[PDB]
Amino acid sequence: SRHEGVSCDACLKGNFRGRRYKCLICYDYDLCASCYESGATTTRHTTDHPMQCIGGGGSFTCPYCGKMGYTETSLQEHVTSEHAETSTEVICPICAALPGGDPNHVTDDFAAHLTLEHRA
């Protein structure tokens, strides 16, 4: 999944995939996983600063039948199997349940959305 609206303060990439590391000392300061693990610093940030990992987790509801308690992986297998060609519009639960994610990602091809925007 991509951290929509978030840009890395060291390499400047935005809407990046992977884990997001937020500094709890610097104002509005985030690093992508690569910059974090490599010890990148910019402006007033130091590697001693505590950081919060923001990311995955979660159980999700299938938008087509309402069954609950899927992981991201198990949701995709369930959808790509039992809801294969359904053209009914639904809102993505993964996008809505993740921080900064799109609260109303409407899609009429959920299986394809999962494969392209929620890669495992």
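Position 1 is the first residue in the sequence shown; the rest follow in order.
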Compare the mean C-alpha B-factor of 26-34 with that of 71-79 as given in the PDB entry, and name the stretch with the higher value.
71-79
Averaging CA B factors per stretch from the PDB record, which one is higher: 85-93 or 59-67?
85-93
Could you place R2 in the lowest, middle or highest third of its chain by Cα temperature factor, using the values in the record?
middle
Ranking the modelled residues of this chain by C-alpha B-factor as given in the entry, is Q52 in the lowest, middle or highest third?
lowest
Among the chain's modelled residues, which third holds the C-alpha B-factor of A111?
middle
